2 protein chains.
Amino acid sequence: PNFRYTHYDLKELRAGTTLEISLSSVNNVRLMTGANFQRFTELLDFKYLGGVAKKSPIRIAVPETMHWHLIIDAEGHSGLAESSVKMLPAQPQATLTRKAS
Amino acid sequence: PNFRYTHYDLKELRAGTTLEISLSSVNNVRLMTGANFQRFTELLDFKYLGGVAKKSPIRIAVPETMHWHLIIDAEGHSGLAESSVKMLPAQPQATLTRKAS
């Protein structure tokens, strides 16, 4: 899991119900609907390679053989970059083993 | 949608395939598997009320009547806070209308 959390299922509450929430240290507090709780549980397992790109072009090597998706996105940024992707052939690689015991 | 993005479905690629990615401005670049692309599409619609809590206790009022979930979490923080939640009754409220035309 990407980080630890505590989940209170508060069930059905009427608009205007006030939650009084106590905490021992700086942490995030998020009140959400059931649909959004389902989204949250998905994002606990969300993994990817990359991050903020400040130079161009960049190269990223695919780590394992499988179906891959590349996202360019403006999360935390003012706008969406124009982008292009060129798929370069893998270098030949040997598969390693352990040393003979 | 929480932010704009561009999605390249690169299909099946062998380990070691190198993606050369060009961008016009600072943006995020994320290479991910199909399962993780499904998670990503969920997080484009992820909405909640709250944020980083620096005082305690805090109060959050439920905005609409429905099934609610409260998350306390350590995303971006060193550790998970101890927490408690007390559910306080809603204040009586009138429903407003428009002024008579």
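What this report covers is the structure whose coordinates are included nearby.

About the thresholds
Residues numbered from 1 in each chain as written, not as in the entry; some residues may be left out. Chains lettered and ligands numbered in written order. Heavy atoms only, no water. Least-squares fit on C-alpha atoms. Contact = heavy atoms within 4.5 Å. Axes fitted to C-alpha atoms, helices over the stretch in contact; angles between N-to-C directions. Helix = DSSP H or I, 4+ residues; strand = E, 2+ residues; numbered from the N terminus. Parallel < 35°, antiparallel > 145°, perpendicular 65-115°, else oblique. Left-handed = near helix turned anticlockwise from the far one by under 90°. 1 Å grid on protein atoms, 1.4 Å probe; cavity = no way out; pocket = protein on both sides within 12 Å on 5 of 7 lines; lining within 4 Å. Points joined across faces, edges and corners; volume = space filled by probe spheres on them. Nonpolar A, V, L, I, M, F, W, Y, C, P; charged D, E, K, R; others polar.

### Overview of the relation of the copies chain A and chain B
Step number 1: Mapping chain A onto chain B is achieved by rotating through 180° and translating by 0.0 Å along the same axis, at an RMSD of 0.0 Å. In short, the pair behaves as if placed about a two-fold rotation axis.
Step number 2: A shared binding surface is used by both copies, with 100% of the interface residues of chain A retained as interface residues in chain B.

### A short note on the packing of helix 1 (residues 34-43) of chain A against helix 1 (residues 34-43) of chain B
Step number 1: Interaxial distance between helix 1 of chain A and helix 1 of chain B falls to 9 Å at its minimum, and their mutual angle equals 140°. The pairing of helix 1 of chain A with helix 1 of chain B is recorded here as oblique in orientation. By crossing handedness, the relation of helix 1 of chain A to helix 1 of chain B is classed as left-handed. On helix 1 of chain B, the residues touching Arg39, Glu42 and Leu43 of chain A of helix 1 of chain A are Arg39, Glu42 and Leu43 of chain B.

### Overview of the layout of surface pockets
Any empty space left between atoms is shown by rolling a water-sized probe over those atoms.
Step number 1: What the largest pocket holds in volume is close to 450 Å³.
Step number 2: Residue lining of the largest pocket: 17 residues in total, with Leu43 and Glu75 of chain A together with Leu43, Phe46 and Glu75 of chain B positioned closest to the centre.
Step number 3: When its residues are assigned to classes, the lining of the largest pocket shows eleven nonpolar, two polar and four charged.
Step number 4: The computed volume of the second largest pocket comes to approximately 190 Å³.
Step number 5: In terms of lining residues, the second largest pocket is bounded by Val62, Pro63, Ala90, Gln91, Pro92, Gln93, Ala94 and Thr95 of chain A together with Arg14, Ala15 and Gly16 of chain B.

Remember that the coordinates give geometry; whether it matters functionally is a separate question.
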